[PDB]
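Peer 1: Structure file work11.cif (mmCIF, C-alpha atoms and all ligand atoms) right here:
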```cif
data_structure
loop_
_atom_site.label_atom_id
_atom_site.label_comp_id
_atom_site.auth_asym_id
_atom_site.auth_seq_id
_atom_site.Cartn_x
_atom_site.Cartn_y
_atom_site.Cartn_z
CA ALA A 9 -0.48 -50.56 -23.27
CA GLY A 10 -3.76 -48.71 -24.02
CA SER A 11 -4.46 -46.84 -27.23
CA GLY A 12 -1.93 -49.09 -28.93
CA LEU A 13 -4.29 -52.03 -28.37
CA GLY A 14 -6.98 -50.41 -30.51
CA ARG A 15 -4.52 -49.70 -33.30
CA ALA A 16 -3.26 -53.29 -33.28
CA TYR A 17 0.09 -51.75 -32.29
CA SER A 18 0.69 -50.34 -35.74
CA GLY A 19 3.63 -47.96 -35.77
CA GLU A 20 4.11 -48.02 -32.04
CA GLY A 21 7.56 -46.61 -32.65
CA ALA A 22 6.51 -43.36 -34.31
CA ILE A 23 3.19 -42.39 -32.75
CA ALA A 24 3.35 -39.73 -30.02
CA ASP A 25 -0.16 -38.78 -29.00
CA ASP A 26 0.38 -40.17 -25.48
CA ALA A 27 3.38 -41.09 -23.34
CA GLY A 28 2.70 -44.79 -23.79
CA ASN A 29 4.99 -45.02 -26.79
CA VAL A 30 8.22 -43.82 -25.27
CA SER A 31 8.64 -47.26 -23.77
CA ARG A 32 8.48 -48.67 -27.27
CA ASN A 33 10.85 -46.07 -28.74
CA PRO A 34 13.04 -43.90 -26.41
CA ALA A 35 13.82 -41.43 -29.17
CA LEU A 36 10.12 -40.46 -29.15
CA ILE A 37 10.91 -38.62 -25.89
CA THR A 38 11.93 -35.48 -27.78
CA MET A 39 8.32 -35.40 -28.78
CA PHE A 40 6.89 -34.03 -25.53
CA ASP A 41 6.52 -30.46 -24.30
CA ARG A 42 5.23 -30.95 -20.79
CA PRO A 43 5.55 -33.96 -18.45
CA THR A 44 2.95 -36.51 -19.43
CA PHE A 45 1.78 -39.48 -17.44
CA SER A 46 -0.36 -42.44 -18.42
CA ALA A 47 -1.55 -45.56 -16.66
CA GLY A 48 -4.00 -48.37 -17.26
CA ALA A 49 -4.36 -52.02 -18.05
CA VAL A 50 -5.36 -54.61 -20.59
CA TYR A 51 -7.66 -57.42 -19.58
CA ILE A 52 -6.70 -60.53 -21.57
CA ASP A 53 -9.17 -63.37 -22.11
CA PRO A 54 -7.98 -66.35 -24.27
CA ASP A 55 -9.54 -69.54 -25.58
CA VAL A 56 -6.86 -72.16 -26.22
CA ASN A 57 -8.19 -75.65 -26.89
CA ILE A 58 -6.16 -78.82 -27.40
CA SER A 59 -7.87 -81.83 -29.01
CA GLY A 60 -7.33 -85.34 -30.41
CA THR A 61 -6.43 -88.68 -28.79
CA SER A 62 -3.58 -90.85 -27.54
CA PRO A 63 -2.22 -94.23 -28.64
CA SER A 64 -3.38 -95.14 -25.14
CA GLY A 65 -6.84 -94.44 -26.44
CA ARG A 66 -7.16 -91.92 -23.65
CA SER A 67 -8.45 -88.48 -24.55
CA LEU A 68 -5.95 -85.73 -25.25
CA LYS A 69 -8.77 -83.19 -25.26
CA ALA A 70 -8.28 -80.10 -23.07
CA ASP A 71 -10.66 -77.11 -23.22
CA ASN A 72 -9.56 -73.62 -22.19
CA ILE A 73 -5.96 -74.09 -21.03
CA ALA A 74 -5.09 -70.39 -21.15
CA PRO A 75 -6.29 -68.33 -18.12
CA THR A 76 -7.46 -64.74 -18.08
CA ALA A 77 -4.98 -62.03 -17.27
CA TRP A 78 -4.84 -58.42 -16.25
CA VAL A 79 -1.86 -56.43 -17.48
CA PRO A 80 -0.99 -52.98 -16.06
CA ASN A 81 1.11 -50.31 -17.77
CA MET A 82 2.42 -47.06 -16.41
CA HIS A 83 4.45 -44.48 -18.29
CA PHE A 84 5.89 -41.12 -17.28
CA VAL A 85 7.68 -38.74 -19.66
CA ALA A 86 9.10 -35.22 -19.23
CA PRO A 87 11.44 -32.75 -20.95
CA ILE A 88 14.69 -31.66 -19.34
CA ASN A 89 15.93 -28.81 -21.54
CA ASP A 90 15.27 -27.96 -25.18
CA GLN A 91 17.58 -30.84 -26.19
CA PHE A 92 16.96 -33.51 -23.53
CA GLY A 93 14.09 -35.45 -21.96
CA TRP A 94 13.78 -38.61 -19.87
CA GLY A 95 11.14 -41.16 -18.92
CA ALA A 96 10.21 -44.34 -17.13
CA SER A 97 7.68 -47.10 -17.43
CA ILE A 98 6.39 -50.30 -15.96
CA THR A 99 4.91 -52.73 -18.48
CA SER A 100 5.08 -56.36 -19.61
CA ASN A 101 6.48 -57.65 -22.91
CA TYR A 102 6.37 -61.43 -22.50
CA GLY A 103 4.18 -63.88 -20.68
CA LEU A 104 2.41 -67.20 -21.06
CA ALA A 105 -0.27 -69.12 -19.18
CA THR A 106 -1.26 -72.72 -19.82
CA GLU A 107 -3.06 -75.11 -17.48
CA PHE A 108 -4.30 -78.66 -17.98
CA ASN A 109 -5.54 -81.03 -15.25
CA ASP A 110 -2.87 -83.09 -13.56
CA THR A 111 -4.81 -86.17 -14.69
CA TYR A 112 -4.59 -85.16 -18.38
CA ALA A 113 -3.28 -87.94 -20.63
CA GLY A 114 -0.50 -85.80 -22.15
CA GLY A 115 0.38 -84.56 -18.70
CA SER A 116 4.08 -84.90 -19.48
CA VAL A 117 3.95 -82.43 -22.34
CA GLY A 118 1.30 -80.18 -20.90
CA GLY A 119 1.00 -79.72 -17.15
CA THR A 120 1.22 -76.17 -15.79
CA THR A 121 3.14 -73.40 -17.55
CA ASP A 122 3.40 -69.92 -16.09
CA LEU A 123 5.62 -67.04 -16.94
CA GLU A 124 5.11 -63.44 -15.90
CA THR A 125 7.33 -60.58 -16.92
CA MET A 126 7.61 -57.18 -15.33
CA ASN A 127 9.65 -54.66 -17.24
CA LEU A 128 10.99 -51.65 -15.44
CA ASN A 129 12.19 -49.08 -17.92
CA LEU A 130 14.15 -45.86 -17.57
CA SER A 131 15.65 -44.06 -20.48
CA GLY A 132 16.56 -40.83 -22.12
CA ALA A 133 16.95 -39.29 -25.53
CA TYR A 134 18.76 -36.42 -27.16
CA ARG A 135 17.28 -34.27 -29.91
CA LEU A 136 19.91 -33.50 -32.52
CA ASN A 137 17.82 -30.87 -34.33
CA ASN A 138 14.50 -30.39 -36.05
CA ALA A 139 14.62 -33.80 -37.72
CA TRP A 140 16.69 -36.43 -35.95
CA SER A 141 16.53 -37.63 -32.34
CA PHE A 142 18.10 -40.55 -30.48
CA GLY A 143 17.27 -42.51 -27.33
CA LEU A 144 18.87 -45.09 -25.08
CA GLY A 145 17.11 -47.23 -22.48
CA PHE A 146 17.96 -49.56 -19.58
CA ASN A 147 15.64 -52.40 -18.53
CA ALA A 148 14.94 -54.39 -15.39
CA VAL A 149 12.99 -57.58 -15.93
CA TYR A 150 11.32 -59.46 -13.15
CA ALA A 151 10.47 -62.99 -14.16
CA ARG A 152 8.50 -65.53 -12.23
CA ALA A 153 8.49 -68.94 -13.87
CA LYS A 154 6.41 -71.94 -12.85
CA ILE A 155 6.70 -75.26 -14.63
CA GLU A 156 4.75 -78.37 -13.66
CA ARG A 157 4.56 -81.74 -15.46
CA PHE A 158 3.18 -85.23 -14.74
CA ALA A 159 3.30 -88.59 -16.50
CA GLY A 160 -0.01 -88.84 -18.30
CA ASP A 161 -0.75 -92.08 -20.04
CA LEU A 162 2.99 -92.56 -20.18
CA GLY A 163 3.24 -95.64 -18.00
CA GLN A 164 0.35 -97.11 -19.94
CA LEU A 165 2.23 -96.54 -23.18
CA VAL A 166 5.40 -98.04 -21.74
CA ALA A 167 3.28 -100.98 -20.57
CA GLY A 168 1.22 -101.53 -23.70
CA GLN A 169 4.50 -101.64 -25.57
CA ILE A 170 5.97 -104.24 -23.24
CA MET A 171 2.83 -106.31 -23.76
CA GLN A 172 3.84 -106.59 -27.42
CA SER A 173 7.21 -108.08 -26.46
CA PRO A 174 8.38 -111.57 -25.37
CA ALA A 175 8.93 -110.31 -21.81
CA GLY A 176 5.16 -110.29 -22.07
CA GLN A 177 4.94 -113.89 -21.02
CA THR A 178 5.49 -113.18 -17.31
CA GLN A 179 8.55 -113.72 -15.11
CA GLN A 180 8.86 -110.17 -13.74
CA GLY A 181 7.95 -109.52 -17.38
CA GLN A 182 4.26 -108.82 -17.07
CA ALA A 183 4.68 -107.52 -13.56
CA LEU A 184 6.65 -104.89 -15.45
CA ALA A 185 4.00 -103.64 -17.86
CA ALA A 186 1.73 -103.74 -14.81
CA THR A 187 4.13 -101.69 -12.67
CA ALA A 188 4.54 -99.16 -15.47
CA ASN A 189 0.81 -99.06 -16.17
CA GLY A 190 0.26 -98.86 -12.42
CA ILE A 191 1.71 -95.36 -12.54
CA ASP A 192 -0.64 -92.49 -11.72
CA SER A 193 -1.19 -89.53 -14.01
CA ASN A 194 -0.70 -86.98 -11.25
CA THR A 195 2.73 -88.47 -10.58
CA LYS A 196 4.55 -85.14 -10.81
CA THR A 197 7.54 -85.45 -13.15
CA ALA A 198 8.80 -81.86 -13.06
CA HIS A 199 8.46 -78.90 -10.70
CA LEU A 200 10.63 -75.87 -11.30
CA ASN A 201 9.45 -72.47 -10.09
CA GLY A 202 11.57 -69.44 -9.38
CA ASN A 203 11.97 -65.69 -9.44
CA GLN A 204 14.87 -63.84 -10.99
CA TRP A 205 15.90 -60.54 -12.58
CA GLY A 206 16.91 -59.78 -16.13
CA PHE A 207 18.82 -56.81 -17.55
CA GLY A 208 18.75 -55.43 -21.05
CA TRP A 209 19.16 -52.21 -22.92
CA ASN A 210 17.06 -50.89 -25.77
CA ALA A 211 17.55 -47.91 -28.12
CA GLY A 212 15.94 -45.94 -30.94
CA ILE A 213 16.30 -43.33 -33.69
CA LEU A 214 13.54 -40.87 -34.48
CA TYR A 215 13.50 -39.11 -37.86
CA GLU A 216 10.72 -36.60 -38.56
CA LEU A 217 10.03 -35.06 -41.99
CA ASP A 218 7.88 -32.51 -40.22
CA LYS A 219 5.41 -32.28 -37.39
CA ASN A 220 3.19 -34.48 -39.56
CA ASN A 221 5.40 -37.31 -40.79
CA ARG A 222 8.12 -39.37 -39.07
CA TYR A 223 9.89 -42.72 -39.24
CA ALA A 224 11.85 -44.90 -36.86
CA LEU A 225 14.26 -47.74 -36.22
CA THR A 226 14.33 -49.18 -32.70
CA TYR A 227 16.37 -52.00 -31.24
CA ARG A 228 15.67 -54.15 -28.24
CA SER A 229 18.45 -56.15 -26.67
CA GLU A 230 18.26 -59.81 -25.68
CA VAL A 231 17.67 -60.40 -21.96
CA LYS A 232 19.02 -63.55 -20.35
CA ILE A 233 17.35 -64.53 -17.12
CA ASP A 234 19.06 -67.26 -15.09
CA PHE A 235 17.20 -69.41 -12.53
CA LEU A 267 17.75 -73.02 -16.04
CA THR A 268 18.29 -69.96 -18.29
CA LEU A 269 15.40 -68.11 -20.01
CA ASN A 270 16.27 -65.72 -22.84
CA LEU A 271 13.88 -63.04 -24.00
CA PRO A 272 14.70 -62.38 -27.69
CA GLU A 273 16.39 -59.35 -29.13
CA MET A 274 14.17 -57.22 -31.36
CA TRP A 275 14.30 -54.80 -34.27
CA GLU A 276 11.49 -52.59 -35.54
CA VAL A 277 10.69 -49.92 -38.15
CA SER A 278 7.56 -47.78 -37.88
CA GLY A 279 5.94 -44.88 -39.69
CA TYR A 280 3.36 -42.26 -38.84
CA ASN A 281 1.75 -40.14 -41.57
CA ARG A 282 -0.59 -37.32 -40.61
CA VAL A 283 -2.05 -37.34 -44.10
CA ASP A 284 -4.85 -34.93 -43.17
CA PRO A 285 -5.97 -32.86 -40.17
CA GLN A 286 -8.31 -35.69 -39.28
CA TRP A 287 -6.67 -38.80 -40.76
CA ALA A 288 -3.40 -40.52 -40.01
CA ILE A 289 -1.66 -43.80 -40.78
CA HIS A 290 0.72 -45.90 -38.72
CA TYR A 291 2.43 -49.12 -39.51
CA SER A 292 5.42 -51.20 -38.56
CA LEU A 293 7.42 -54.29 -39.35
CA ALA A 294 9.08 -56.03 -36.45
CA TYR A 295 11.79 -58.68 -36.50
CA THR A 296 12.84 -61.08 -33.79
CA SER A 297 15.44 -63.87 -33.70
CA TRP A 298 15.06 -66.22 -30.71
CA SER A 299 18.66 -67.43 -31.13
CA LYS A 322 14.41 -69.86 -35.26
CA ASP A 323 12.92 -66.38 -35.78
CA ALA A 324 9.66 -64.54 -36.54
CA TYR A 325 8.25 -61.26 -37.78
CA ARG A 326 5.26 -59.06 -37.10
CA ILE A 327 3.43 -56.72 -39.45
CA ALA A 328 0.81 -54.14 -38.53
CA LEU A 329 -1.00 -51.34 -40.31
CA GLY A 330 -3.55 -49.05 -38.76
CA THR A 331 -5.22 -45.70 -38.98
CA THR A 332 -6.47 -43.14 -36.50
CA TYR A 333 -9.15 -40.54 -37.02
CA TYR A 334 -9.39 -37.31 -35.01
CA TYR A 335 -13.11 -36.49 -35.39
CA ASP A 336 -12.80 -33.42 -33.19
CA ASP A 337 -11.04 -32.05 -30.10
CA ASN A 338 -12.69 -34.61 -27.82
CA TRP A 339 -13.16 -37.74 -29.90
CA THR A 340 -10.55 -39.81 -31.66
CA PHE A 341 -10.94 -43.16 -33.37
CA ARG A 342 -8.53 -45.94 -34.20
CA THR A 343 -8.61 -49.19 -36.20
CA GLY A 344 -5.89 -51.77 -36.68
CA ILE A 345 -4.84 -55.04 -38.33
CA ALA A 346 -1.71 -57.09 -37.69
CA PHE A 347 -0.16 -60.49 -38.29
CA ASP A 348 2.64 -62.12 -36.35
CA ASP A 349 4.37 -65.03 -38.05
CA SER A 350 5.41 -67.86 -35.70
CA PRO A 351 9.00 -68.29 -34.38
CA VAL A 352 8.47 -72.04 -33.93
CA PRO A 353 8.92 -74.75 -36.65
CA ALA A 354 5.81 -76.77 -37.48
CA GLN A 355 7.53 -79.60 -35.60
CA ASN A 356 9.05 -77.89 -32.57
CA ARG A 357 5.79 -76.52 -31.25
CA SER A 358 4.14 -77.62 -28.02
CA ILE A 359 0.58 -77.61 -26.75
CA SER A 360 2.30 -76.22 -23.67
CA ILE A 361 3.34 -72.95 -25.28
CA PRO A 362 0.43 -71.50 -27.29
CA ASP A 363 1.57 -69.49 -30.30
CA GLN A 364 0.83 -69.76 -33.99
CA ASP A 365 0.42 -67.44 -36.94
CA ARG A 366 -2.20 -65.13 -35.46
CA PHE A 367 -4.07 -62.14 -36.88
CA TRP A 368 -5.38 -59.05 -35.14
CA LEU A 369 -8.50 -56.89 -35.51
CA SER A 370 -8.62 -53.71 -33.44
CA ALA A 371 -10.63 -50.61 -32.58
CA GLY A 372 -10.09 -47.94 -29.96
CA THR A 373 -11.48 -44.59 -28.92
CA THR A 374 -10.16 -41.58 -27.08
CA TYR A 375 -12.16 -39.03 -25.20
CA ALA A 376 -10.27 -35.92 -24.11
CA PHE A 377 -11.99 -34.36 -21.10
CA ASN A 378 -9.89 -31.26 -21.76
CA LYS A 379 -6.47 -30.32 -23.10
CA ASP A 380 -4.70 -31.89 -20.10
CA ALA A 381 -6.36 -35.25 -19.56
CA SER A 382 -8.02 -37.98 -21.60
CA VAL A 383 -8.83 -41.68 -21.38
CA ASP A 384 -8.17 -44.41 -23.94
CA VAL A 385 -10.36 -47.46 -24.47
CA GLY A 386 -9.20 -50.30 -26.67
CA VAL A 387 -10.68 -53.50 -28.02
CA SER A 388 -8.74 -56.25 -29.81
CA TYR A 389 -9.62 -59.72 -31.11
CA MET A 390 -6.95 -62.28 -32.06
CA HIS A 391 -7.93 -65.30 -34.12
CA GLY A 392 -5.50 -68.18 -34.41
CA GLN A 393 -4.67 -70.50 -37.27
CA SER A 394 -5.69 -74.02 -36.20
CA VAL A 395 -2.58 -76.19 -36.27
CA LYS A 396 -1.36 -79.75 -35.79
CA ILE A 397 1.15 -80.54 -33.06
CA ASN A 398 3.13 -83.81 -32.82
CA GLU A 399 4.69 -83.43 -29.34
CA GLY A 400 6.31 -86.52 -27.79
CA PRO A 401 4.50 -89.81 -28.64
CA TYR A 402 1.42 -87.67 -28.89
CA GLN A 403 -0.26 -85.71 -31.65
CA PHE A 404 -2.68 -82.93 -30.75
CA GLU A 405 -4.55 -80.13 -32.46
CA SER A 406 -4.56 -76.58 -31.11
CA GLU A 407 -7.07 -73.83 -31.86
CA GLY A 408 -7.31 -70.54 -30.01
CA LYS A 409 -8.75 -67.07 -30.46
CA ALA A 410 -8.79 -64.29 -27.84
CA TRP A 411 -10.28 -60.98 -26.73
CA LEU A 412 -8.49 -57.92 -25.37
CA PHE A 413 -10.07 -55.05 -23.42
CA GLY A 414 -7.97 -52.01 -22.52
CA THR A 415 -8.13 -48.65 -20.79
CA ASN A 416 -5.66 -45.89 -20.05
CA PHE A 417 -5.99 -42.41 -18.58
CA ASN A 418 -3.31 -39.80 -19.36
CA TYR A 419 -2.62 -36.43 -17.80
CA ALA A 420 -0.34 -33.46 -18.60
CA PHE A 421 1.26 -31.15 -16.03
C1 LIG A 501 -3.20 -65.22 -26.18
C2 LIG A 501 -2.47 -64.15 -25.54
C3 LIG A 501 -2.32 -62.91 -26.31
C4 LIG A 501 -1.07 -62.23 -25.98
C5 LIG A 501 -1.14 -60.80 -26.38
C6 LIG A 501 -1.36 -59.84 -25.32
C7 LIG A 501 -1.01 -58.65 -26.03
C8 LIG A 501 -0.43 -57.55 -25.19
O1 LIG A 501 0.74 -57.56 -24.41
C9 LIG A 501 0.86 -58.41 -23.35
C10 LIG A 501 2.21 -58.11 -22.85
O2 LIG A 501 2.74 -58.88 -21.73
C11 LIG A 501 2.45 -60.31 -21.55
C12 LIG A 501 1.13 -61.10 -21.88
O3 LIG A 501 0.26 -61.92 -21.07
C13 LIG A 501 0.65 -63.30 -21.06
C14 LIG A 501 -0.01 -64.15 -22.18
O4 LIG A 501 -1.42 -64.63 -22.10
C15 LIG A 501 -1.63 -65.98 -21.46
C16 LIG A 501 -2.10 -67.30 -22.32
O5 LIG A 501 -1.26 -68.49 -22.52
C1 LIG A 502 -0.29 -47.58 -48.93
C2 LIG A 502 -0.76 -47.29 -47.59
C3 LIG A 502 -0.42 -48.32 -46.60
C4 LIG A 502 0.67 -47.81 -45.80
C5 LIG A 502 1.85 -48.71 -45.94
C6 LIG A 502 2.99 -47.96 -46.41
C7 LIG A 502 4.04 -48.58 -45.62
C8 LIG A 502 5.13 -49.00 -46.52
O1 LIG A 502 6.13 -49.98 -46.27
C9 LIG A 502 7.05 -49.85 -45.19
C10 LIG A 502 7.91 -51.09 -45.30
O2 LIG A 502 8.48 -51.52 -44.03
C11 LIG A 502 7.56 -51.74 -42.90
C12 LIG A 502 6.20 -52.52 -42.87
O3 LIG A 502 5.29 -52.93 -43.92
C13 LIG A 502 4.32 -51.90 -44.19
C14 LIG A 502 3.01 -51.96 -43.39
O4 LIG A 502 2.08 -53.05 -43.50
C15 LIG A 502 1.07 -52.85 -44.53
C16 LIG A 502 -0.14 -53.83 -44.78
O5 LIG A 502 -0.05 -55.19 -44.34
#
```
Output the file's structure in the form of structure tokens.
Peer 2:
Amino acid sequence: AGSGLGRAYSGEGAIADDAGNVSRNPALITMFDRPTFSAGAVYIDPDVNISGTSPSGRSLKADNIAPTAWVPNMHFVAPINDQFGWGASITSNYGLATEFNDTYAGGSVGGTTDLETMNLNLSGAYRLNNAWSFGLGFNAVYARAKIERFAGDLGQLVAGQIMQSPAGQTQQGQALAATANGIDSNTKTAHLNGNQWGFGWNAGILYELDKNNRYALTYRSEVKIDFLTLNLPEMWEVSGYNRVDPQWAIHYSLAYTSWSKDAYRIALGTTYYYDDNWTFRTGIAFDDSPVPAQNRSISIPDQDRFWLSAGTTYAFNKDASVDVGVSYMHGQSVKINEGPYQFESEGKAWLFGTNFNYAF
């Protein structure tokens, strides 16, 4: 969602320099004087690459299986009265794109895999005094799932096996291996695609030690989406912002998620306010995988990944400004043993992001 991309999303739940954050922590609403609006997008360009071979001897190599993506974000925030404020946003919190050929040998465990999420958020917060503040949010999730699968060298495998058995010596015995082996890769073995809505509620608590230092604890509820039933995980997060100097600040957060398996994310970053116009941000983060070294899938790319980030912010003048963010993710090369297959998945990625914000 913009600036956050250049800070590796470090302390997203305590930073308040632009309305983007309210969607991450509703309590942060009591942090804005005048209505603020921000919009933009993040262009996502991956590089997932499966490798290795099959017991069929056929290649299980698949270059670039993760498509590019453009992700929009739009946040609006405004005060109501000295003790209340409200806000809305349109973003995306989950997704996933994977595409192999339909003739791929592991076609059964790696056909087409799409999943887009649109989160519609509305929420409010109440300021309890100079220090504490609290927020509650409702969420609308539009999910579009697409899941294709074929039988790669499956019939061959079935067949080669048979050929190692007595039924080998004919009598509808060899005709068998043949019939199995005479099965096309592109023989679609699974096509489920649908659209449905999800509903969840998130909340937050914002504690500030002063206009220069604050901490937080946010909570994101699980969201079940029924088509097959897809569950977006519930989340917990703690973040801190320290305005250590007029020109230097620090932000960091620890996030926890339990996919009813579980994983965590850690990020630390620092911004620098050179002057009234310019602002600079750097960030590092690591998100530990929620999937056991044996329950992975070349289909769903994820794996202990790291993040390097850098963003900049030009303020045209007191009311408006634009954010530009860069972010590179490198992935730990792993070993997957899905089905009768065994692959190897590497994958890095680049993120470009821009956002313009305006005050009324
Ligand atoms: C390799 C993908 C990196 C995912 C991080 C993007 C970070 C920002 O937020 C995105 C939020 O919403 C959904 C993401 O897009 C779908 C995933 O990319 C497709 C590759 O399989
Ligand atoms: C010493 C300066 C670095 C700032 C970190 C202080 C943050 C202290 O710990 C908070 C513990 O709970 C949340 C997350 O972990 C901290 C941030 O990650 C740091 C480097 O990987």
Peer 1: Which protein, DNA or RNA residues are at most 7 Å from (-13.3, -66.5, -31.6) in the file's coordinates when you count only C-alpha atoms, listed as a ChimeraX atom specification?
Peer 2: /A:391,409-410
Peer 1: Using only C-alpha atoms, which of A:192, A:53, A:336, A:71 sits nearest residue 110 of chain A?
Peer 2: A:192
Peer 1: In Å, with one decimal, what is the gap from atom CA of residue 120 of chain A to atom CA of residue 48 of chain A?
Peer 2: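 Answer for the atom CA of residue 120 of chain A to atom CA of residue 48 of chain A separation: 28.3 Å.
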Peer 1: For a test of reading the model, state the distance in Å between atom CA of residue 141 of chain A and atom CA of residue 276 of chain A, rounded to one decimal.
Peer 2: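 Interatomic distance, atom CA of residue 141 of chain A to atom CA of residue 276 of chain A: 16.1 Å.
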Peer 1: Separation of atom CA of residue 45 of chain A and atom CA of residue 385 of chain A, in Å?
Peer 2: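 Interatomic distance here is 16.1 Å.
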Peer 1: Would you mind listing the residues within 6 Å of ligand LIG 502 (chain A), counting only C-alpha atoms and all ligand atoms, as a list in words?
Peer 2: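 Written in the requested form, the residues are residues 277, 291, 292, 293, 327, 328 and 329 of chain A.
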Peer 1: Report as CSV: every residue of chain A with an atom at most 6 Å from ligand LIG 501 (chain A), its closest pair of atoms, and their distance in Å to one decimal, counting all atoms listed in the file, with rows sorted by chain and ascending residue number.
Peer 2:
```
residue,atom,partner,partner_atom,distance
A:54,CA,A:LIG501,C1,5.3
A:74,CA,A:LIG501,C16,4.5
A:100,CA,A:LIG501,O2,4.0
A:101,CA,A:LIG501,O2,4.1
A:102,CA,A:LIG501,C11,4.2
A:103,CA,A:LIG501,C13,3.6
A:104,CA,A:LIG501,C14,4.1
A:105,CA,A:LIG501,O5,3.5
A:106,CA,A:LIG501,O5,5.0
A:362,CA,A:LIG501,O5,5.9
A:410,CA,A:LIG501,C1,5.9
```
Peer 1: Taking all atoms listed in the file into account, name the residue in A:359, A:88, A:22, A:165 that is nearest to residue 66 of chain A.
Peer 2: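 Selected residue with least distance to residue 66 of chain A: A:165.
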